[PDB]
Amino acid sequence: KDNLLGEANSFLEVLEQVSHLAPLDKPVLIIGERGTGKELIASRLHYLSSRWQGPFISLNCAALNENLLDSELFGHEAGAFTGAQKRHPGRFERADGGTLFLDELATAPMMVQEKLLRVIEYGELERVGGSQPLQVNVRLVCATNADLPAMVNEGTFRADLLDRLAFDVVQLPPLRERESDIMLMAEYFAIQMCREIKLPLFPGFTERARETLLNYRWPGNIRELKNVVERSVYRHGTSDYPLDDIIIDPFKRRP
Amino acid sequence: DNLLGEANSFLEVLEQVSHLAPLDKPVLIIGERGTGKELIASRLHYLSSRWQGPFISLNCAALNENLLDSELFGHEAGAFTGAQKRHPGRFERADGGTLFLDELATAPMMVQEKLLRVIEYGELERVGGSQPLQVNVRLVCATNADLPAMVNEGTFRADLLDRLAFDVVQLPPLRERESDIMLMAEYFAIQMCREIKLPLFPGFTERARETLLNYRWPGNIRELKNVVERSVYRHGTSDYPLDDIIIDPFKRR
Amino acid sequence: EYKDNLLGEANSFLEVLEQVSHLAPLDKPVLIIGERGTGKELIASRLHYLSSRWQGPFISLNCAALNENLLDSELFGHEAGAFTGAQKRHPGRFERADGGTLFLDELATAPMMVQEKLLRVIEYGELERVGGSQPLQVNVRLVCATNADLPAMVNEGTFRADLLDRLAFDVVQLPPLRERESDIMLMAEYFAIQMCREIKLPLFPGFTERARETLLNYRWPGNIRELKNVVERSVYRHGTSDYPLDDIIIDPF
Amino acid sequence: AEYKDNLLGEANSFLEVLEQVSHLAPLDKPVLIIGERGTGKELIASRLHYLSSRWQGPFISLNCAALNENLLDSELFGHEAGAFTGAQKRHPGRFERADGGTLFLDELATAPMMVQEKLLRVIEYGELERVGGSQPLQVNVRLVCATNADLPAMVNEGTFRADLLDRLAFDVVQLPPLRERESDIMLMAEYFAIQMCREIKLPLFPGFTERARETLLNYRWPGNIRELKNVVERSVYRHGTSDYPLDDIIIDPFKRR
Amino acid sequence: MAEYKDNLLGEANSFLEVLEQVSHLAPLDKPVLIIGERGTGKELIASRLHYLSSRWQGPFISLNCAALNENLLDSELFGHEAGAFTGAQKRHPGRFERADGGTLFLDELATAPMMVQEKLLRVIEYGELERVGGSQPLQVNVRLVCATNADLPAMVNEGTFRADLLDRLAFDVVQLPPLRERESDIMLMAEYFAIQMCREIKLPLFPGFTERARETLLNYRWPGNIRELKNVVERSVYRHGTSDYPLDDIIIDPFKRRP
Amino acid sequence: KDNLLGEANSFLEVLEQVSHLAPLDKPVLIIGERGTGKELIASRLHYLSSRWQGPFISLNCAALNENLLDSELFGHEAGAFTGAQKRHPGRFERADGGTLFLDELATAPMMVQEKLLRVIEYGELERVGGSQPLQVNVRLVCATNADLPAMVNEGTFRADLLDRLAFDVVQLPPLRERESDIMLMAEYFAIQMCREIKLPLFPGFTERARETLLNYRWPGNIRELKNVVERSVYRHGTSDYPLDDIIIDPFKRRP
Amino acid sequence: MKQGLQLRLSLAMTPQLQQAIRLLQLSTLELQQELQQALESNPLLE
Ligand SMILES: Nc1ncnc2c1ncn2[C@@H]1O[C@H](COP(=O)(O)OP(=O)(O)O)[C@@H](O)[C@H]1O
Ligand SMILES: Nc1ncnc2c1ncn2[C@@H]1O[C@H](COP(=O)(O)OP(=O)(O)O)[C@@H](O)[C@H]1O
Ligand SMILES: Nc1ncnc2c1ncn2[C@@H]1O[C@H](COP(=O)(O)OP(=O)(O)O)[C@@H](O)[C@H]1O
Ligand SMILES: Nc1ncnc2c1ncn2[C@@H]1O[C@H](COP(=O)(O)OP(=O)(O)O)[C@@H](O)[C@H]1O
Ligand SMILES: Nc1ncnc2c1ncn2[C@@H]1O[C@H](COP(=O)(O)OP(=O)(O)O)[C@@H](O)[C@H]1O
Ligand SMILES: [Mg+2]
Ligand SMILES: [Mg+2]
Ligand SMILES: [Mg+2]
Ligand SMILES: [Mg+2]
């Protein structure tokens, strides 16, 4: 499919579950830490999914405000629209039969929440008069980094609607918990950045870098992975000289 | 199966609802979190003489355009630019038949007073066409009980709702329903297997059935459907009986 | 003739109605200390029908909780200025009724700012438009009704006591359900007749003294409307002119 | 031009105040009213507006307190184009009201210290506090004030800054307290009683019962703008004694019988 | 050029030296910053600077933060160019655009939005700003004027004042001698104000003031240093009349209820 | 290129770090104290980047309008509409490669935070009524007088808000920290300030005052040093005046 | 709430209505009479 970061037993099982869900057009949930890219994984699995070649929706959550699905997802394609009349494309109508991914869906308001709840209850929220229904055939996807478990417990979203929006919630475990893909990512990023930073060679994570990583809590995980990647890009040293002090923390004050 | 089997008490309530369906009286309805009080309404509407008439059910208080309550009856376009006003409206769409409300829960106190007054007196007038209100054919309200109003008083303007005592319908819990719950689950499973094009029903351990029965069913049959979906996807095979049923997709391993 | 709606056998109700007739012949301000259900909007109709100018349009129906922006717009508007919700000149204005009179309800909800604007209009009708010079006045009497103990509200300084004084050329206490008890059975009979005719029931097949005692024991926190629509639900429970309603449930709650 | 209003004000101090107003008539500086709510503060204000106006002189008796909205008072500061939902349309507004006149404020405390200081920057200078070409309109405008709040109390609130209270103040008029005047109270009371007996077209004036007159004098009536007239209409409700003279004073309108 | 000060409020104690320094700063093009009691010579100082505008044609433009519209005055802050906010039409000059090269007669209005403070700091960084919706800004010039009444350092310490505010502000401090402090021309400026009051009131001649009057004047701090004294004097022009007025001090505190 | 030189070992280190980062178009921020010439530093860097001859125009977060927020980074179509106007490029298009620094970044709202999180993508710009996104990736940089670690401690700065920055934070020495070129920096500041003052050349400059000034917090390090210098220059206003007992302590009352 | 000139906002007679209203702008007695003669159609119009 695509070049992938992480082939661990957990990562491999994730790939297997992705294959299982790929036929499953029923909406599901892939949970994980941000700065990893589970959305890209969803895109690859969608290429493997029912829509082997189909549409795709990015749909960052807080990209629409005071803009209903009717404003953007449904659109104003027909005549007699607001202002002077013309054609206007709509997302949720545009990408039927493809992929419908919701980015940072945990970042959500109550009103859009009530909208999407009915959209799920009816297949799509539809437009205008209450006599008009709709359904969307795109592969519905969504993800964020928040444990909604308490958000619904706090009522930030409708708990029943939360239950409705998916059919199988899956959570990506911490890469820091893995801490084995540490070396694999280090090497892959070393090659990629040697191609990028145009270095003579990859310095290689010397003993101190490995020890620090072993001690590192790595809160950002894949986010912290790219963070350490940039950090070592700062701490290049020499292409020959293996990087023992590879990490570079911006917050710290040297000397 | 695709219809509302319903428990015995639920069956009696269903008979009462199918009877009240011919009664086109304005109503306010209450169903559980995942009970699905809408399908019974559709069955009643078919049983109602309003079966032939339009039955536009409220679109979850959707907020398209700025017409809002004038969305109930508005204009399409000025003749000079676009099309004729063409008398299209929301309160008009449910014409000759039922009229169902949805997401009545979300409203604040002011719009609550507005709805109470509309119940007291309703008129429909639009820049585009429109037609007189005070008919509200086979009117019925629903989804208000999701967010109670004036439960300890206050909240929304439900003092008039206390005054406005048109009949209402409760919603027993799925755990309290005691219907053919396993049968409904099996029906859903068969429907999914057809949808999934599955080889067959792999089966279910009666021990697994009893263990899954250890659940409040907070989403009622909706919770049942979600748990069944998760359990089957975990099974992912038609080979052996489902000794596992999904408690919650939120977990760790 | 105003239909003598809810003709109150209560003597205090009769005195209140006599005062209502006297003041309605007058064209002077007045207050009504009454509750929703306790004469909900009925006295407004009494004033409109017995208005000092019967031809003078008394729209009444001011039990209107409108948002601060919404209420202020309901008072005043601007042509081709601001006012995103409406368009161009705002005919929507308290001057909508000239020749008749002007009333208020849910008046406890009036902000001190809105209350001040109202008192200013009461003393002198001017500046009733968001746009332009509004010295013009539409002649109309003043009346209102809210259920709050507005003496405490002013003791709380909740709104302008200026209107509270100026408008209150007569504050009329109005009867809740607990006030009228002798007329309770008669009003129940009147409502039952109205329902049977409306429900096409020939009549109530029979009334049990137990039924009357139970209904009287069942209080009416909403003085009329709660009792009225409770009777609606109870008749729906009975539904048969042949079947007497001895214990027809008033309300689901 | 316009005569000051007729008002039964037999209080000799009230007469002195009227004389003070007479002195202020040609004068062009701010005036305050420290009159009570229900002390005819607006009434004396109108008398003043007529007298000092003295040549078809415009007045303005408006309360931004009635202007319930912030954007409302913002519009009261004129805008030429893009004014709220409006776009490129004229709106003279309150500026025209004060054009060739003065400003009379009834209980101006409700104004925010932001609004207060807006008015402060307007007062001494006068150039147009409005979105307009160079906003240079320092119109020939005076001002006058009326509120029941206390100056130290306002300082505690701080809603009136130092220069606010000061460049606000050039004259002050505390209306005679409703508790202060006793004889003039019954005097204006009889005046209004006659006014009612006339306007109501009642063929007979009931007059005034001695017990009723004594009760009215004992009645605090700290509000007496028309709360006196209100109690007058209260007894007029107990009409039918037009030939008679029987006491009927409505103390608690909420209370019945 | 050299113009007669339209006012003659001078307090010889230090406002003489203050005026000397102000004249020194008058040719300068750096930020003009002032501080002191409102109703006390400070807006008068603003007049002083505005006349003290080197050469002429400098637009003595004054905009007061309290005299504005929250969430809306921004359209007039850096300018307006496009439709849907300035009523379409043309590039609508904002308060800043209304004064290019002219005086930024700001006073420390201490408006609630520190956002306003930053927006001004955005204007006051390098002489550059943009009308609303303009894809191209405009780097401009204008005289800059500030006047205050409160301890900006305290509020910044209290976090109430944007440190950046006083930072982009305050080319230097300009405080004022209080009426409890200046006390130089009490009788002299009193005579000047009384002369104006007589020229208005058309009384026959100067009524005169007793020594007890000046005694109470010394006893008074005069909270509105330049103004509250003028209030006393103006009220003195009222009440009793003619030349007989002399003793019995004067009418200083209108707020003071009559004895 | 014609800005104040720090003339410090830390200042030299910062200059070298900027020189190293000159080709790097990766996202960045100015940590430390804005209003101490972080603006000038970023500007001179924009002059000397890999795209030295490129269109660079910085921007401040707190500038635009909440309603016009969508019109901030971009432009709306509004063809036959109320705000009818031509296809407008807008900011994220208006820069297109150069340095548009994220100033006032500490002064942002959570809604603007969502906007930036959308901007975390290299272009892919969806406008109002737009058909297809456009990828406008540019040399990216910001400024932060605040401690984003403490900000995420308060949480108002999202973890993604921190993630947007793609550079390890270079920090400059505060007033107490730097205190290196204080005499020389004061000398240059006096040169400029007296060139403004047009007074005769200062015959008096006593370094004992400079020493006592070193015994001061100088919270406005870059600004207030020269500020008090020029303020004392104006207050003294004398050429033959030694740097003795002269100080701009506006908080202090004169005696 | 408050109002603003910028918002999602929801006309002017064109061609046919222009000549129509011009018939009103033209005098009905004679100026419109020439056009009415020029009609020469809509036989269902006596
Ligand atoms: N398996 C992987 N292979 C390559 N890159 C990856 C992998 N997982 C994550 N990434 C990197 O992590 C980033 C995650 O981006 P994205 O999915 O947009 O985050 P979010 O979903 O929080 O917006 C991607 O830019 C990608 O380069
Ligand atoms: N007795 C029943 N007969 C048929 N379908 C049912 C029954 N109970 C539950 N359902 C299903 O449960 C789902 C609940 O969906 P929804 O209407 O959103 O629930 P609610 O009305 O509680 O919000 C419905 O789609 C419906 O198909
Ligand atoms: N001389 C008078 N005789 C009778 N009534 C008077 C007289 N002067 C004033 N009033 C009454 O006092 C009422 C309140 O006046 P006023 O106190 O000026 O109002 P405001 O509260 O605006 O100051 C008016 O309605 C008026 O009828
Ligand atoms: N030294 C003075 N001599 C005479 N009059 C003065 C003097 N100082 C102030 N005034 C009076 O104060 C008024 C100016 O008020 P001012 O202090 O400028 O208001 P603000 O404080 O709002 O700028 C003038 O009318 C003037 O008569
Ligand atoms: N290293 C330095 N040497 C001499 N003068 C300096 C130095 N740094 C700053 N300055 C002076 O102080 C001022 C600092 O402002 P600036 O650095 O532009 O603020 P910012 O960069 O934070 O916007 C400049 O105008 C400059 O004249
Ligand atoms: Mg993403
Ligand atoms: Mg539902
Ligand atoms: Mg008044
Ligand atoms: Mg001033």
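The numbers here are math on the coordinates, done by the rules we state, and not lab data. We place every Cβ from the backbone using ideal geometry, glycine too, and count neighbours over all the protein chains shown.
All other residues whose Cβ lies under 15 angstrom from that of B:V228 are scored, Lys and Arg at +1 and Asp and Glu at -1, for a net of -3.
In sequence order, region E:223-233 has phi-based couplings of x, x, 4, 6, 9, 4, 4, 4, 4, 4, 5 Hz under the Karplus curve 6.51 cos²θ - 1.76 cosθ + 1.60, θ = phi - 60°, and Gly or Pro positions carry x.
With a Förster radius of 51 Å applied to the C-beta separation of F:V152 and E:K90, the computed FRET efficiency comes to 0.70. Computed over neighbours whose Cβ is under 9 Å from that of A:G97, the net charge equals +1, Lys and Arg +1, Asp and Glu -1. For F:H88, the residues whose amide H sits under 5 Å from its own are F:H76, ignoring neighbours fewer than 5 places away on the same chain, with H placed 1.01 Å from N. Taking the centroid of alpha carbons for each part, region B:193-227 and region F:4-77 are 58 Å apart.
The value obtained for the protein assembly as shown, namely the Cα convex hull volume divided by the number of residues, is 256 Å³ per residue.
The string of couplings for region D:151-161 from the Karplus curve (6.51, -1.76, 1.60, θ = phi - 60°) is 4, x, 4, 5, 4, 4, 5, x, 4, 10, 5 Hz, one whole number per residue in order, with x for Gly and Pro.
Using the rule -39500 (n - 2.57) for each DSSP H run of four or more residues, divided by the residues of chain D, the 222 nm mean residue ellipticity is -11500 deg cm²/dmol. Scanning residues 5 or more positions from D:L32 or on other chains, those with amide H under 5 Å from its amide H are D:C145, D:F170, D:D171, D:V172, D:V173, with H placed 1.01 Å from N in the peptide plane. Within 12 Å, Cβ to Cβ, of B:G122, how many net charges do the neighbouring residues add up to if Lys/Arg are +1 and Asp/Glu are -1? Summing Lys/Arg as +1 and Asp/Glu as -1 gives -2. Indicate the gyration tensor shape class of region F:14-158 (rounded, prolate or oblate), computed on the Cα atoms with a ≥ b ≥ c the square roots of the eigenvalues: a/c under 1.5 is rounded; otherwise a/b larger than b/c is prolate and the rest oblate. It comes out oblate by the Cα gyration axes. The amide H of B:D167, built 1.01 Å from its N in the peptide plane, has C:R233 as neighbours under 5 Å, considering only residues 5 or more places off or on other chains.
Taking only Cα atoms, what is the 0 to 90° angle, nearest 10, from helix D:113-123's long axis to the longest principal axis of chain D? Approximately 80 degrees, to the nearest ten.
Beta bridges assigned by DSSP with both partners in chain E are antiparallel in approximately 10 percent of cases. Could you state the number of Å between the C-alpha centres of region A:94-122 and region B:108-158? That distance is 27 Å. For region D:17-23, the Karplus equation 6.51 cos²θ - 1.76 cosθ + 1.60, evaluated at θ = phi - 60°, returns couplings of 4, 4, 4, 4, 4, 4, 4 Hz by residue, with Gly and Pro reported as x. Dipole magnitude for chain A: about 620 debye, using +1 per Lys or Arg Cβ and -1 per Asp or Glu Cβ, origin at the Cα centre.
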